[PDB]
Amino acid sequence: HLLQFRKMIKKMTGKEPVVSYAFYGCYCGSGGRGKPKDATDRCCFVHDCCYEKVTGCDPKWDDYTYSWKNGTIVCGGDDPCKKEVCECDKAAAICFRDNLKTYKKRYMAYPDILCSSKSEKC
């Protein structure tokens, strides 16, 4: 679920996801188009590619089980699909954390009309 993803980003980043990542660049918002603006935007591009590979369940609205075993997110459960989407999220949150240093405010709330016409492939 996006609300679980949100909690992962918050803890690993220290920022309010809805304000800082929900509309960042060209891929963090809903969908995605053109070429990723930067490192953080690439995180969203990859996460987008991740959700598309998920077939058995709904990555957006399906709840998955996870824990913070030793400061790190650990995805569990017997459902390989929901765990699959949990890993997509875990990887994205860590991706945001690693590239926090290159985070540009000019990119949050970035207008999609300004995104390149040719989109990068997963």
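In this text, residue numbers run from 1 along the sequence as written.
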Stretch with the higher entry mean CA B-factor, where the candidates are 17-25 and 96-104
96-104
Is the mean CA B factor in the deposited entry higher across 45-53 or across 68-76?
68-76
Could you place residue 38 in the lowest, middle or highest third of its chain by Cα temperature factor, using the values in the record?
lowest
Compared with the other modelled residues in the chain, in which third is the CA B-factor of residue 87?
middle
